[PDB]
Every structure is written in structure tokens, then in C-alpha cells.
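Asker: My structure is below; once you've seen it, I'll send some questions.
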Amino acid sequence: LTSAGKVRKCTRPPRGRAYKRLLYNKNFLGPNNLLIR
Amino acid sequence: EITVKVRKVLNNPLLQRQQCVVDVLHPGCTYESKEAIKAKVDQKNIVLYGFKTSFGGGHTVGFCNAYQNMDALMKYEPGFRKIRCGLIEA
Amino acid sequence: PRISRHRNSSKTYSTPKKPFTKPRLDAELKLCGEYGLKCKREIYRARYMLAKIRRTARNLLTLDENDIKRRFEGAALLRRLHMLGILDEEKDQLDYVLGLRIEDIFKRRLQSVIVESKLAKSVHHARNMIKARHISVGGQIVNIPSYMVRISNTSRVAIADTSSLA
Amino acid sequence: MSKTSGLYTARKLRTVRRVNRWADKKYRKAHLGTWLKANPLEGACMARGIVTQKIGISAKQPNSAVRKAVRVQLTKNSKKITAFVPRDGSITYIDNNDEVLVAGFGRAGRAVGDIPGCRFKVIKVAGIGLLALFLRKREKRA
RNA sequence: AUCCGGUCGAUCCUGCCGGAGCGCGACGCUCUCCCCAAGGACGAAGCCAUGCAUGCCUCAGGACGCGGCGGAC
RNA sequence: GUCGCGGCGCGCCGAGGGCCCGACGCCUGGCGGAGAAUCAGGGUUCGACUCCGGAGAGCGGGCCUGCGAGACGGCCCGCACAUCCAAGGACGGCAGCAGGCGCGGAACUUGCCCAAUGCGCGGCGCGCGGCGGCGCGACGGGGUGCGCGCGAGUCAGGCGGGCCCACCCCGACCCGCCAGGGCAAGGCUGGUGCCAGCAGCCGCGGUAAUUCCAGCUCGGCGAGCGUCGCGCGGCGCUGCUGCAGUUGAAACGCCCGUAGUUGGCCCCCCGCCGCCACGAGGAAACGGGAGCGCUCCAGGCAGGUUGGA
Ligand SMILES: [K+]
Ligand SMILES: [K+]
Ligand SMILES: [K+]
Ligand SMILES: [K+]
Ligand SMILES: [K+]
Ligand SMILES: [K+]
Ligand SMILES: [K+]
Ligand SMILES: [K+]
Ligand SMILES: [K+]
Ligand SMILES: [K+]
Ligand SMILES: [K+]
Ligand SMILES: [K+]
Ligand SMILES: [K+]
Ligand SMILES: [K+]
Ligand SMILES: [K+]
Ligand SMILES: [K+]
Ligand SMILES: [K+]
Ligand SMILES: [K+]
Ligand SMILES: [K+]
Ligand SMILES: [K+]
Ligand SMILES: [K+]
Ligand SMILES: [K+]
Ligand SMILES: [K+]
Ligand SMILES: [K+]
Ligand SMILES: [K+]
Ligand SMILES: [K+]
Ligand SMILES: [K+]
Ligand SMILES: [K+]
Ligand SMILES: [K+]
Ligand SMILES: [K+]
Ligand SMILES: [K+]
Ligand SMILES: [K+]
Ligand SMILES: [K+]
Ligand SMILES: [K+]
Ligand SMILES: [K+]
Ligand SMILES: [K+]
Ligand SMILES: [K+]
Ligand SMILES: [K+]
Ligand SMILES: [K+]
Ligand SMILES: [K+]
Ligand SMILES: [K+]
Ligand SMILES: [K+]
Ligand SMILES: [K+]
Ligand SMILES: [K+]
Ligand SMILES: [K+]
Ligand SMILES: [K+]
Ligand SMILES: [K+]
Ligand SMILES: [K+]
Ligand SMILES: [K+]
Ligand SMILES: [K+]
Ligand SMILES: [K+]
Ligand SMILES: [K+]
Ligand SMILES: [K+]
Ligand SMILES: [K+]
Ligand SMILES: [K+]
Ligand SMILES: [K+]
Ligand SMILES: [K+]
Ligand SMILES: [K+]
Ligand SMILES: [K+]
Ligand SMILES: [K+]
Ligand SMILES: [K+]
Ligand SMILES: [K+]
Ligand SMILES: [K+]
Ligand SMILES: [K+]
Ligand SMILES: [K+]
Ligand SMILES: [K+]
Ligand SMILES: [K+]
Ligand SMILES: [K+]
Ligand SMILES: [K+]
Ligand SMILES: [K+]
Ligand SMILES: [K+]
Ligand SMILES: [K+]
Ligand SMILES: [K+]
Ligand SMILES: [K+]
Ligand SMILES: [K+]
Ligand SMILES: [K+]
Ligand SMILES: [K+]
Ligand SMILES: [K+]
Ligand SMILES: [K+]
Ligand SMILES: [Mg+2]
Ligand SMILES: [Mg+2]
Ligand SMILES: [Mg+2]
Ligand SMILES: [Mg+2]
Ligand SMILES: [Mg+2]
Ligand SMILES: [Mg+2]
Ligand SMILES: [Mg+2]
Ligand SMILES: [Mg+2]
Ligand SMILES: [Mg+2]
Numbered sequence: 001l002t003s004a005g006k007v008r009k010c011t012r013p014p015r016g017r018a019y020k021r022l023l024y025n026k027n028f029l030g031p032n033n034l035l036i037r
Numbered sequence: 038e039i040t041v042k043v044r045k046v047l048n049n050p051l052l053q054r055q056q057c058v059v060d061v062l063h064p065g066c067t068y069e070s071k072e073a074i075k076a077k078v079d080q081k082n083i084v085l086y087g088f089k090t091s092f093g094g095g096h097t098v099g100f101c102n103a104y105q106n107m108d109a110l111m112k113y114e115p116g117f118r119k120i121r122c123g124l125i126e127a
Numbered sequence: 128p129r130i131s132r133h134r135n136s137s138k139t140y141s142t143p144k145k146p147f148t149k150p151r152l153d154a155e156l157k158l159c160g161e162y163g164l165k166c167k168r169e170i171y172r173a174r175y176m177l178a179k180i181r182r183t184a185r186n187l188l189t190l191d192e193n194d195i196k197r198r199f200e201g202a203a204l205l206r207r208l209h210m211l212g213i214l215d216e217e218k219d220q221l222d223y224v225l226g227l228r229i230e231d232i233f234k235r236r237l238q239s240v241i242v243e244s245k246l247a248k249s250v251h252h253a254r255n256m257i258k259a260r261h262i263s264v265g266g267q268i269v270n271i272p273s274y275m276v277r278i279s280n281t282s283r284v285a286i287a288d289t290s291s292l293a
Numbered sequence: 294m295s296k297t298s299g300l301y302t303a304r305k306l307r308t309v310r311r312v313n314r315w316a317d318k319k320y321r322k323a324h325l326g327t328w329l330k331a332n333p334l335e336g337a338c339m340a341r342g343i344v345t346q347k348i349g350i351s352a353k354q355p356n357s358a359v360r361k362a363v364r365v366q367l368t369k370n371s372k373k374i375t376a377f378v379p380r381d382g383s384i385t386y387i388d389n390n391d392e393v394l395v396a397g398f399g400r401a402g403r404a405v406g407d408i409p410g411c412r413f414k415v416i417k418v419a420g421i422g423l424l425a426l427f428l429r430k431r432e433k434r435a
């Protein structure tokens with residue numbers, strides 16, 4: 001055990017009903033597609 | 038306030054009193070106290086209790102014990118209501 | 128014991144069995160769009176409140192048209208379903224209860240009623256106006272968006288006399 | 294009919310079911326009582342103990358790695374277990390006398406994945422949750 | 001009154017392993033407002049400092065005491 | 001002898017009594033029911049704790065007083081443990097309410113009050129019980145905006161309350177937690193190079209990684225999300241409804257045969273079973289269910305001649 005952590009050591013939107021409204025209008029082709037963003 | 042009505046009046050000549058339910062109506066404003074509307078419901082023989090205000094306001098319901106004598110009130114009234122009216126204070 | 132040990136309580140919604148099904152996942156958000164729904168629980172509640180009135184009818188329909196249980200409970204069920212406006216007068220058959228959908232339940236919410244009479248421009252503006260104690264039912268100020276309005280009490284939905292919009 | 298019928302055979306139908314119920318491995322494991330005796334945790338969700346050593350364990354055939362684990366002595370029955378430490382760099386919070394809260398891997402007492410002979414895992418070290426120690430929300434004294 | 005991933009070069013099966021739901025506790029992280037509400041039971045019926053959990057009414061100013069009912073609920 | 005019947009005890013006489021329709025013995029991390037968790041129908045599992053019944057008060061025994069106790073906030077003795085002491089003696093029982101130690105993964109204040117519901121004596125008593133405190137075990141409602149007005153807080157007066165507070169009324173100021181190859185909704189840059197690590201199961205990583213560690217973006221549930229263990233479901237993989245037995249696991253080498261299970265057809269209009277239906281009688285709470293706007297709701301039994309069917 002001398003290697004543990006090797007890679008580790010070497011490396012407001014709207015809320016509630018308004019967030020669901022945002023998703024409703026945003027959706028109504030993939031959500032995280034490359035072409036859109 | 039301006040509107041005071043009473044129902045469910047029961048005469049009780051065993052406890053020397055009369056029991057009532059009182060409805061108080063004050064649309065828009067408060068009714069300021071029980072000591073205020075005590076005039077509409079002598080005065081010193083009236084025992085007012087159990088008043089609740091509904092949601093939004095405008096309505097209040099309470100209960101009245103109206104005695105006829107004065108010994109009767111010091112005899113048949115709970116010992117903490119006589120202190121809420123200042124009548125004894127011990 | 129204490130007296131509070133004798134008080135009842137109950138859960139009022141049922142979660143679905145497969146969470147990650149796409150067609151009902153977007154059908155479930157069209158519903159959150161047409162009505163100002165906070166979260167999925169308010170859909171679940173609705174379905175739960177349907178699943179009971181559907182269980183009653185199917186129990187009575189298995190019975191016979193002249194039994195007293197049908198004559199008593201089906202009449203009670205129909206008389207309750209007509210006052211809330213979940214079911215309408217022209218359908219006074221117990222078999223007309225089975226073809227009911229959730230949308231019929233959602234249409235009698237206060238948030239929906241005030242939109243229909245155009246007191247509010249949309250359903251989101253309606254929810255905001257509900258929270259602001261700006262609307263009264265029969266002279267009684269009601270604060271609850273989810274309030275269920277009976278057909279008797281739908282003539283009498285207004286802005287509250289005590290208000291900053293009066 | 295390969296099963297007895299007849300209006301007065303309830304006793305036989307019950308005896309057959311009582312006898313053949315024990316043939317299922319799930320029922321026998323959960324109802325016999327030998328697994329409860331042999332269980333290091335004694336039928337509990339979790340258990341605390343002290344660390345006696347730090348170790349590295351080879352993986353199984355198609356994988357190649359050195360997994361990090363600790364030998365633990367149980368407080369309540371003095372048994373010997375080995376428990377796995379997940380979450381990169383977490384083996385560095387485990388001194389040789391560190392009270393550890395230990396739970397299971399899932400699978401109700403079966404080894405998972407590629408770690409031979411490991412059925413338990415550390416969830417808390419010296420009073421502090423190990424996951425929050427990795428996520429950098431709390432820290433150990435010194 | 002519903003299934004899905006894993007045995008092969010590919011295929012149809014038997015068969016288990018794994019996943020997906022509800023409940024009860026324990027652990028972690030996190031938390032604005034209001035109503036209801038469980039809370040040392042879980043092979044320790046192990047051990048207990050301190051205070052409180054049972055009193056109320058025939059014969060003389062009163063206590064005190066005697067007598068009485070209760071302390072088995 | 002007992003309140004009383006009885007092998008309950010004693011003397012005498014006889015040899016009975018129970019059993020594969022499972023006796024006897026052993027084991028139980030065994031209190032029983034009303035009930036609870038799960039969910040097509042049939043079922044499986046659990047019955048610590050609210051009501052009803054039983055048993056106990058460190059462990060054995062014994063007893064007095066009383067209508068009623070084999071009483072432990074009564075007494076006596078043995079044992080195992082503690083207490084004060086001038087050393088002669090005296091003395092204890094929280095599985096009551098708080099509180100502490102120990103143990104465990106795991107569980108709150110050494111508060112105020114007899115105002116209510118009831119009980120003893122009649123006026124009091126009561127850690128029954130009531131009211132506050134701690135309380136993300138769990139339940140229910142509403143927010144973090146809408147196209148321009150609110151709530152959370154602040155300060156006053158009411159109402160309420162044994163006294164204070166919370167709720168309600170009037171007045172003036174003002175997310176998070178898990179993920180992103182498949183099961184299963186959701187994809188570009190840097191680092192690392194079978195190492196570190198991930199991964200319930202398939203699998204990923206060998207110096208171009210859709211999976212490790214990070215950044216951006218996106219997905220799900222949401223004041224709540226993830227992990228561990230267990231019950232039920234999934235499961236027609238326990239099968240009565242309803243499995244399988246040529247070759248996948250599975251028909252005794254064969255014949256006889258008791259208990260057990262099963263047994264053709266026929267008389268109708270009696271008796272005795274079973275069976276079907278309807279009654280009587282006994283507990284409520286829970287579970288269903290008629291009626292009622294605690295602002296809705298989880299609730300409750302309310303209420304405006306009434307009602308709790
Ligand atoms: K068969
Ligand atoms: K069969
Ligand atoms: K058979
Ligand atoms: K038969
Ligand atoms: K069988
Ligand atoms: K099923
Ligand atoms: K396969
Ligand atoms: K093959
Ligand atoms: K297969
Ligand atoms: K305990
Ligand atoms: K106990
Ligand atoms: K246990
Ligand atoms: K437990
Ligand atoms: K204990
Ligand atoms: K007595
Ligand atoms: K006594
Ligand atoms: K005898
Ligand atoms: K004898
Ligand atoms: K003999
Ligand atoms: K037996
Ligand atoms: K036990
Ligand atoms: K069933
Ligand atoms: K069954
Ligand atoms: K059933
Ligand atoms: K089933
Ligand atoms: K309890
Ligand atoms: K008990
Ligand atoms: K009990
Ligand atoms: K009880
Ligand atoms: K009882
Ligand atoms: K009892
Ligand atoms: K008892
Ligand atoms: K007892
Ligand atoms: K005992
Ligand atoms: K004792
Ligand atoms: K004892
Ligand atoms: K004893
Ligand atoms: K004893
Ligand atoms: K007795
Ligand atoms: K005795
Ligand atoms: K005794
Ligand atoms: K004590
Ligand atoms: K106990
Ligand atoms: K207390
Ligand atoms: K401890
Ligand atoms: K501890
Ligand atoms: K009292
Ligand atoms: K008495
Ligand atoms: K108390
Ligand atoms: K405001
Ligand atoms: K305010
Ligand atoms: K402001
Ligand atoms: K404001
Ligand atoms: K304002
Ligand atoms: K990760
Ligand atoms: K698993
Ligand atoms: K799987
Ligand atoms: K797989
Ligand atoms: K690279
Ligand atoms: K099954
Ligand atoms: K089943
Ligand atoms: K089934
Ligand atoms: K078969
Ligand atoms: K074999
Ligand atoms: K074989
Ligand atoms: K074979
Ligand atoms: K055979
Ligand atoms: K055989
Ligand atoms: K034979
Ligand atoms: K034969
Ligand atoms: K034969
Ligand atoms: K035979
Ligand atoms: K026979
Ligand atoms: K048989
Ligand atoms: K037979
Ligand atoms: K036969
Ligand atoms: K019958
Ligand atoms: K009763
Ligand atoms: K009447
Ligand atoms: Mg003999
Ligand atoms: Mg029981
Ligand atoms: Mg019980
Ligand atoms: Mg208890
Ligand atoms: Mg006692
Ligand atoms: Mg005793
Ligand atoms: Mg512990
Ligand atoms: Mg609310
Ligand atoms: Mg089954």
C-alpha cells in the first residue's frame with residue numbers, strides 16, 4: 001500500500017413549479033445531444 | 038363588532054344562570070375585545086369564554102354564562118375565570 | 128397511554144412500479160404543464176383517489192341490480208360524484224363511472240375554476256394569486272390551490288372583499 | 294394425478310408441503326437457524342470493531358488490481374472479519390486503532406465482483422462517515 | 001391479473017444469479033413555513049446516586065393522637 | 001382438607017391410561033387474542049408496545065392483616081450483590097416518573113399543574129392523566145413567483161391558555177441527494193494508462209477510456225435523496241386454485257400386505273350426520289360504510305328541528 005490515491009493526487013435557476021414549467025416549454029432531438037449543445 | 042347574535046339559549050334554574058352561544062360578525066375589521074361587545078350581549082353578571090376566530094377573519098364564536106345573582110357567580114364559576122375578570126385576584 | 132396514541136393517519140398516494148418508462152414520463156409532464164403542478168406526488172394522489180372510486184363500482188357491478196347494497200352504496204357514490212362535479216348529471220348510470228379519467232378530477236381544482244372564469248390569465252398566475260389570499264369561495268377566503276369546489280359553490284367564487292385588488 | 298385429491302386429504306396435503314418446503318435453498322437458509330449462528334454480525338444491519346491490520350488483496354482472473362482492506366476484530370463477539378475500503382484514497386484514514394462501523398456489500402452474505410473472500414465493508418471510521426470524508430465535507434483530527 | 005440483463009460461433013430450452021415496487025429499523029448527506037405524531041422492546045427480567053409517584057374524614061382553640069374508609073384499583 | 005368438586009392428600013383394592021388421526025422426549029433470540037405488513041383471486045410473514053386476558057417485581061420459599069393478596073413504593077428466612085458506622089450495630093430492591101452507569105447498530109426534560117377525563121375519601125389527594133420541552137421514526141398541507149403583489153421574519157393589541165406558548169384575527173415596518181455503456185430516463189475537454197480506481201449482474205482500465213479521477217452539459221426524485229439488514233411481492237422457483245419426474249434434478253429391482261386415502265349402478269316421500277340459507281347471542285378501537293366544508297388535507301364526530309345509521 002504505497003499507491004493509494006495515485007490518480008486522485010495527480011489530477012440560480014427557477015425552483016419548484018417554475019422549474020417544471022421551464023422543462024415543459026423546453027421539451028414540448030435528445031436533451032443532451034451534441035448538435036444542440 | 039356592529040353585529041352580535043345569540044342562539045342555543047338554555048335557562049338553568051339549578052345553577053341560577055342562562056347558557057348561550059354567541060356569534061360575532063366583523064367583516065373587514067377587528068372587534069377589538071370581548072370586554073367591548075360585552076355591552077350588546079347588567080354587565081357584571083356576564084361570563085364570556087371560548088372565543089375562536091375563523092380563517093380569513095370576519096367571524097367569531099363564543100359562549101356566555103349569564104347569572105342572575107352575584108353570590109351565584111362566586112359560587113358556580115371556576116376559580117380561574119374569576120381571576121381573568123379581575124373579580125377576586127386572590 | 129396518551130390520548131394521541133388513538134389518532135389515525137394514512138398515506139394518500141401510490142408511486143408507479145416502473146419509474147423509467149419514457150411514454151408515461153413525458154405524458155406525466157404534459158400534465159405538469161397544463162396544470163401548475165408542483166411535483167409528481169400531486170399526480171400520484173389523483174390516481175390514488177381514482178383507484179378507490181373505481182374499486183367500489185366494480186364491486187357493485189358484479190352484484191345484482193335489485194340488491195340493497197347496490198341500491199344504497201351506488202346511489203351514495205353517484206350522489207357524491209355529482210356534487211363535486213367529477214361526473215355530470217346526464218350520466219346517472221353506475222356503468223358511466225368506470226370510464227372516468229384523472230383530468231376530470233383535476234378540472235374541479237380552485238386553480239382550474241378561476242382560470243375557467245378568467246379571473247387569472249394563466250394557471251401559474253392563478254397559483255400565485257391563490258397563495259396571496261386574493262380569492263374567496265362563498266365569502267370565505269381559501270388559501271389552498273388544491274381545493275376541490277362543489278357545483279353548489281362554483282357560482283360564488285370571487286376576489287375577496289378585503290384585498291388590495293378591490 | 295401426481296398429487297392426492299379427495300375431500301378428506303387436507304392432512305396429507307399439509308404434510309407434503311411441510312416436508313418439501315425445506316428443499317428450497319432460500320427457505321432453508323432463512324429458516325433453519327445455522328446461518329443465524331454462523332453469521333458474524335448475528336443478524337444485524339451493521340457492527341463496530343477495531344482495526345487490527347491493513348492489507349492488500351489480489352483481484353480475480355479477468356481483472357488485475359490490488360484492492361485495499363482491513364482485518365477487523367468485532368467488539369460484540371470477538372470474531373475475525375475482513376472489510377473493504379472503497380472510494381479512491383480512503384485507506385489513508387485508517388490507523389491501526391480506529392473504531393470502524395462496518396456493514397455488508399449486499400447479496401446478504403455473498404462475495405461480490407472480484408474481491409475474493411470479502412463480504413463486509415467499512416462505512417465509518419473513528420466516528421466519522423467515510424463517504425463524507427472522501428467528498429471533503431468533514432475531516433479527521435490529526 | 002405486465003417483466004427485463006447474464007451459458008453460445010449462432011439458436012431454442014431447463015435453471016438459477018442480478019435488476020425493477022411497498023413496509024420496518026440503523027447509517028450518511030442535506031433542511032424555509034404550518035398541522036398530526038412514535039420515541040432504551042430487539043438472547044443486559046444487567047446495576048442504580050438524588051427527588052417525586054397515596055391519601056382523605058368518633059370523641060377537644062387548633063394541631064397531635066385515637067377511631068374510620070382506601071392503599072388488592 | 002378446602003369457599004367448594006376433584007388422586008387434591010392419605011389407607012386399602014384392581015391394572016389400567018396414551019400412541020404414525022404422531023404419544024413421549026427435546027428445542028424455541030415462544031406471552032395469547034383483537035390485529036398488522038404485502039396485494040387480481042387463492043395466499044405468505046409477523047404478532048414486544050394503545051383495548052381485552054395472563055404472569056412477574058434480583059432469585060428461591062414462607063406468612064400476617066383483611067370481603068378481597070401467597071402483596072413486594074407489607075413482613076420473615078436462605079443465596080448473590082451493594083449502603084452508613086465511634087466496630088457495639090443498623091440497613092436496601094426504579095420490569096413507577098425523570099435521571100445516571102453498563103451494553104448495544106439503535107431510543108428524549110433530574111420541567112409546570114390537578115384547570116380537564118376519572119378514581120379514593122368529600123375536600124383534598126394523585127409523575128393516573130393533562131400542558132409545555134427534545135424529537136427529519138413516520139404522515140398531511142403550502143413555498144423558493146407572477147407580470148407586480150405576497151410569506152418568512154419585527155414590533156404592539158386581541159383570542160387562547162391552571163399560568164405561558166403555538167394556531168387564528170387586527171395594526172405599522174419587511175434546493176439537495178444520486179446519476180449519465182446495457183438492464184434503465186439522461187454525452188464534449190483534461191488527467192491516469194490492467195496502475196489508481198469503478199462494477200448488485202453483464203463488464204470497464206494495457207499510454208484516442210460513451211464506465212476510473214475532474215470540468216461543462218444533461219436526466220430522475222425532491223424538503224427530501226442515497227447506503228445496509230429483514231418481511232411481502234416479483235415466483236406457476238413450493239404449485240389447493242397451479243409445477244416437474246424418456247433424455248435437463250427426479251417412478252422404489254419386483255410381488256404380497258395392515259393403518260390411511262379412494263370405491264360402479266339402482267328404491268323417495270322416514271331417521272341420523274355432513275352441506276346450503278336465514279336467525280338468536282356476545283366489544284369496542286382497527287377495517288369497510290350512510291350524513292356533516294377542521295379554509296383544503298392527514299383527521300374528528302360533528303353541528304343548525306338534529307345526528308353518531
Ligand atoms: K407430475
Ligand atoms: K404435479
Ligand atoms: K403424489
Ligand atoms: K371421498
Ligand atoms: K411436492
Ligand atoms: K401475482
Ligand atoms: K442470456
Ligand atoms: K448449446
Ligand atoms: K436461458
Ligand atoms: K434496552
Ligand atoms: K426488555
Ligand atoms: K432480533
Ligand atoms: K433491531
Ligand atoms: K436494558
Ligand atoms: K381495606
Ligand atoms: K395494602
Ligand atoms: K378420594
Ligand atoms: K392412596
Ligand atoms: K396400586
Ligand atoms: K411430533
Ligand atoms: K425473548
Ligand atoms: K389475495
Ligand atoms: K399457497
Ligand atoms: K387471500
Ligand atoms: K400472488
Ligand atoms: K413502544
Ligand atoms: K403489556
Ligand atoms: K399487551
Ligand atoms: K390494555
Ligand atoms: K387489561
Ligand atoms: K387484566
Ligand atoms: K397486564
Ligand atoms: K400477577
Ligand atoms: K420471577
Ligand atoms: K425479588
Ligand atoms: K422473585
Ligand atoms: K422473591
Ligand atoms: K417470593
Ligand atoms: K380473590
Ligand atoms: K406462600
Ligand atoms: K411468596
Ligand atoms: K429512585
Ligand atoms: K424489561
Ligand atoms: K416527566
Ligand atoms: K457504547
Ligand atoms: K457507543
Ligand atoms: K383535575
Ligand atoms: K372503594
Ligand atoms: K406527567
Ligand atoms: K406582504
Ligand atoms: K406579517
Ligand atoms: K423589503
Ligand atoms: K412583503
Ligand atoms: K410589502
Ligand atoms: K463515479
Ligand atoms: K445485490
Ligand atoms: K442485473
Ligand atoms: K447481467
Ligand atoms: K486521454
Ligand atoms: K416465491
Ligand atoms: K406469491
Ligand atoms: K401470483
Ligand atoms: K406434471
Ligand atoms: K444429480
Ligand atoms: K441423481
Ligand atoms: K443423474
Ligand atoms: K415406482
Ligand atoms: K420410496
Ligand atoms: K409393494
Ligand atoms: K399389493
Ligand atoms: K391389496
Ligand atoms: K391398506
Ligand atoms: K379407512
Ligand atoms: K391420501
Ligand atoms: K376413506
Ligand atoms: K378406488
Ligand atoms: K352447513
Ligand atoms: K366493550
Ligand atoms: K328526537
Ligand atoms: Mg397393582
Ligand atoms: Mg399475540
Ligand atoms: Mg402483543
Ligand atoms: Mg416501553
Ligand atoms: Mg403494588
Ligand atoms: Mg412477593
Ligand atoms: Mg454501539
Ligand atoms: Mg396548508
Ligand atoms: Mg409462488
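Chains as they are written, first to last, in my numbering: chain A, 1 to 37; chain B, 38 to 127; chain C, 128 to 293; chain D, 294 to 435. Ideal placement from N, C-alpha and C gives every residue a C-beta, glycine not left out.
Hey, would you say D/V393 sits closer than 9 Å to D/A419, going by beta carbons?
Answerer: Taking the first residue of the fourth sequence as 1, we reach residue 393 of chain D at position 100. Taking the first residue of the fourth sequence as 1, we reach residue 419 of chain D at position 126. Yes; because the gap between Cβ atoms is below 9 Å, this pair is in contact.
Asker: Which residues of chain A have a Cβ atom closer than 8 Å to the Cβ of D/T385, listed in chain order?
Answerer: To locate residue 385 of chain D, count along the fourth sequence from 1; it is residue 92. Those within 8 Å of D/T385 in chain A are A4, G5.
Asker: Using a Cβ-Cβ cut-off of 6 Å (strictly less than) and excluding sequence neighbours within five positions of B/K81, which residues of its own chain qualify?
Answerer: Taking the first residue of the second sequence as 1, we reach residue 81 of chain B at position 44. Cβ within range, chain order: n/a, list empty.
Asker: List the residues of chain B whose Cβ lies closer than 8 Å to the Cβ of C/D153, in chain order.
Answerer: Position 26 of the third sequence holds residue 153 of chain C. What C/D153 touches in chain B: nothing, since even the nearest Cβ is about 39 Å away.
Asker: Please list the partners that A/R17 has in chain C, where partner means a Cβ-to-Cβ separation under 9 Å.
Answerer: Here residue 17 of chain A corresponds to residue number 17 of the first sequence, with the count starting at 1. Under the 9 Å cutoff, chain C gives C159, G163, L164, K165, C166, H251, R254.
Asker: Given B/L47, which residues of its chain have a CB within under 6 Å of its CB, disregarding the five upstream and five downstream residues?
Answerer: Counting from 1 along the second sequence, the entry for residue 47 of chain B is found at position 10. The residues are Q56.
Asker: On the DSSP bridge assignment, give the partners of D/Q366 in chain order.
Answerer: By one-based count along the fourth sequence, residue 366 of chain D stands at place 73. Per DSSP, D/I343, D/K373.
Asker: Assuming D/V344 and D/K361 form a contact by the criterion Cβ under 8 Å, report the distance between their Cβ atoms to the nearest whole angstrom.
Answerer: The residue labelled residue 344 of chain D in the question sits at position 51 within the fourth sequence. The residue labelled residue 361 of chain D in the question sits at position 68 within the fourth sequence. About 12 Å separates the two Cβ atoms, so there is no contact after all.
Asker: Name, please, each residue of chain C whose Cβ falls closer than 8 Å to the Cβ of A/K20.
Answerer: Counting from 1 along the first sequence, the entry for residue 20 of chain A is found at position 20. By Cβ distance, chain C contributes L156, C159, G160, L164, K165, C166.
Asker: Give the interface partners of C/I241 over in chain B, defined as CB-CB distance under 8 Å, in chain order.
Answerer: For the purposes of this step, residue 241 of chain C is taken as residue 114 along the third sequence, with counting starting at 1. By Cβ distance, chain B contributes nothing, its closest Cβ being about 17 Å from C/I241, past 8 Å.
Asker: Pull up the DSSP beta-bridge partners for D/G349, would you.
Answerer: Here the question's residue 349 of chain D lines up with position 56 in the fourth sequence. Answer is D/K361.
Asker: I'd like to check one pair, C/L237 with C/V264: are the Cβ atoms closer than 9 Å?
Answerer: The residue labelled residue 264 of chain C in the question sits at position 137 within the third sequence. The residue labelled residue 237 of chain C in the question sits at position 110 within the third sequence. Taking 9 Å as the Cβ cut-off, C/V264 and C/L237 qualify as a contacting pair.
Asker: The beta strand (DSSP E) spanning B/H63 covers which residue range?
Answerer: Translated into positions along the second sequence, residue 63 of chain B becomes position 26. Here B/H63 belongs to no beta strand (DSSP E), and DSSP marks it neither H nor E.
Asker: Would you please state the rounded distance, in angstroms, between the beta carbons of C/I232 and C/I213? I believe it to be under 8 Å.
Answerer: As a position in the third sequence, residue 232 of chain C is number 105, starting the count at 1. As a position in the third sequence, residue 213 of chain C is number 86, starting the count at 1. Between C/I213 and C/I232 the Cβ distance is about 6 Å, and since that is below 8 Å, they are a contact.
Asker: Among all the DSSP beta bridges, which residues are the ones paired with D/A396?
Answerer: The residue given as residue 396 of chain D occupies position 103 in the fourth sequence. BP columns for D/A396 point to D/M339, D/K414.
Asker: Give a yes or no on whether the minimum CB-CB distance between C/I268 and chain B is below 9 Å.
Answerer: Counted from its first residue, the third sequence places residue 268 of chain C at position 141. Yes, its Cβ sits closer than 9 Å to a Cβ of chain B.
Asker: Do C/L221 and C/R181 have their CB atoms nearer than 9 Å?
Answerer: Along the third sequence, one-based indexing puts residue 221 of chain C at 94. Along the third sequence, one-based indexing puts residue 181 of chain C at 54. Their beta carbons are not under 9 Å apart, which means C/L221 does not touch C/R181 by this criterion.
Asker: Which residues bound the alpha helix (DSSP H) around C/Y171?
Answerer: Mapped onto the third sequence, residue 171 of chain C falls at position 44. Note, C/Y171: alpha helix (DSSP H), 168 to 188.
Asker: D/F413 and D/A396 - do their beta-carbons sit closer together than 9 Å?
Answerer: The sequence position of residue 396 of chain D within the fourth sequence is 103, counting from 1. The sequence position of residue 413 of chain D within the fourth sequence is 120, counting from 1. Cβ atoms of D/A396 and D/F413: closer than 9 Å.
Asker: When we look at the beta-carbon of D/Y301 and count the other beta-carbons within 10 Å, is it buried (16 or more) or exposed?
Answerer: Indexing the fourth sequence from 1 puts residue 301 of chain D at position 8. The residue in question, D/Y301, is exposed, as its Cβ has fewer than 16 Cβ neighbours within 10 Å.
Asker: For the beta strand (DSSP E) that B/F88 lies in, which residues bound it at each end?
Answerer: Counting from one through the second sequence, the residue named residue 88 of chain B turns up at place 51. Run containing B/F88: 83 to 90, per the beta strand (DSSP E) assignment.
Asker: CB-CB under 6 Å to D/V312, same chain, minus the five flanking residues each way: which ones, in chain order?
Answerer: If you number the fourth sequence from 1, residue 312 of chain D lands on position 19. Excluding residues within five positions, none has a Cβ falling inside 6 Å.
Asker: Would you verify that the beta carbon of D/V359 is, or is not, closer than 9 Å to some beta carbon of chain A?
Answerer: Here residue 359 of chain D refers to the residue found at position 66 when the fourth sequence is read from its first residue. Judged by the 9 Å Cβ criterion, D/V359 is in contact with chain A.
Asker: Keeping to the same chain, check which residues put their C-beta closer than 6 Å to that of D/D391; ignore five residues upstream and five downstream.
Answerer: Numbered from 1 along the fourth sequence, position 98 holds the residue referred to as residue 391 of chain D. Cβ neighbours of D/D391 beyond the five flanking positions: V344, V418, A419.
Asker: To which residues of the same chain is B/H63 closer than 6 Å at the C-beta, ignoring the five residues directly before and after it?
Answerer: Along the second sequence, one-based indexing puts residue 63 of chain B at 26. Correct list, in chain order: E38.
Asker: Taking the alpha-carbon positions, what's the C/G160 to C/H133 distance?
Answerer: Counting from 1 along the third sequence, the entry for residue 160 of chain C is found at position 33. Counting from 1 along the third sequence, the entry for residue 133 of chain C is found at position 6. Cα to Cα, C/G160 sits roughly 41 Å from C/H133.
Asker: Look up C/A285 in the DSSP assignment and give the residues it is bridged to.
Answerer: Locating residue 285 of chain C in the third sequence gives position 158, counting from the first residue. Beta-bridge pairing links C/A285 to C/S263.
Asker: Looking at A/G30 and D/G382, is the spacing between their C-beta atoms short of 9 Å?
Answerer: In the fourth sequence, counting from the first residue as 1, residue 382 of chain D sits at position 89. In the first sequence, counting from the first residue as 1, residue 30 of chain A sits at position 30. Cβ distance not < 9 Å, so D/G382 and A/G30 don't count as in contact.
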